[PDB]
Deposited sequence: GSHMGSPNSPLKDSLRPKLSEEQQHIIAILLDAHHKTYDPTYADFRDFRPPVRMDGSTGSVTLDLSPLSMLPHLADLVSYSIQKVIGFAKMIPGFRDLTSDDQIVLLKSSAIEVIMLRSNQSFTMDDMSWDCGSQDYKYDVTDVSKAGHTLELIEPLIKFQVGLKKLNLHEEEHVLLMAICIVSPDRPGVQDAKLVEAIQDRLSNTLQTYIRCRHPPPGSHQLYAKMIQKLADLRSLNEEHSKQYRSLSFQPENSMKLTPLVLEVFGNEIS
């Protein structure tokens, strides 16, 4: 059963997420407008969306129980390596299997494979990303499991450059145990069948997506002309 501490963790993570993820997507109006027709016509809008989302992921991360006990340098390394992954995970909330797209409240803010390819990426990465979203959606995670997964993804002890890897592991373990116990107590079968193992598998899938993303980002941001379309935060976090 869920200890009081574990119920505490879930309460905090649910709240941290509610304060960093606006389901009405009201702020999208502040982003450079999307252009759908210039093989990079969607880059300004999506780069802004990503930059905005990186900020939200950071705000979420700071509220993770135990994250505070980490050093500044370890916090930076965890966020720099997990950002794109948490953005992919958090995006599952707007992803819809109806037409394989991310529905953010309006046709203008509804993205599909065509839109993403107009941000400077190829199917080498987009197809796997869509496949990832569909598999994750089919897990019908409870919001509780969704927030714990994102937290577990952020506090990963094996990210390169990590110093106090054991502290990072201790912090992660506490989240994992909360998750495993939560599934056993609050998630009814059959939906709970190997659900933990399947969630950890998505993290593995994210490592592959992260890897391919780093390669394509290098390519895209290779020409100063395109890196010029990004934001200062996106450049600092993803590199260059």
property	result
Gaps in the model, given as deposited-sequence positions counted from residue 1	1 to 17, 55 to 65, 269 to 271
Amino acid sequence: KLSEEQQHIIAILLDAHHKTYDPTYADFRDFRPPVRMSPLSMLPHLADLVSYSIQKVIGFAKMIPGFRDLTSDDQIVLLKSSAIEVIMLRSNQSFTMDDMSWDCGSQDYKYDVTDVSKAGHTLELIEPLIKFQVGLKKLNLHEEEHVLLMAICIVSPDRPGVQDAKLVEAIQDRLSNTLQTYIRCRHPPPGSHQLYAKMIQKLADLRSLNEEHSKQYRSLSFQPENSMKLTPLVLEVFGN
From here on, numbers count along this sequence of modelled residues.
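Definition used throughout: the rigid core is the maximal C-alpha set that superposes within 1.5 Å between two forms.
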| query | finding |
| --- | --- |
| Stretch farther from the shown model on average in 9 other deposited structures of this protein, with CA RMS computed after core superposition (10 to 18, 212 to 220) | 212 to 220 |
| Higher C-alpha RMS shift from the shown form in 9 other deposited structures of this protein - 186 to 194 or 42 to 50, rigid core fit | 186 to 194 |
| 218 to 226 versus 12 to 20 - greater average Cα B-factor per the deposited record | 218 to 226 |
| Higher-scoring stretch by recorded Cα B factor average, 23 to 31 or 50 to 58 | 23 to 31 |
| Identity of residue with top Cα B-factor, from 168, 148, 78, 88 | 168 |
| Assigned third (lowest, middle, highest) for the C-alpha B factor of residue 237 | middle |
| Chain thirds of CA B-factor: placement of residue 211 | middle |
| Entry-reported Cα temperature factor of residue 139, expressed as the chain third it lands in | middle |
| For residue 37, the third of its chain into which the C-alpha B factor falls | highest |
| Third of the chain's Cα B-factor distribution that residue 132 belongs to, per the entry | lowest |
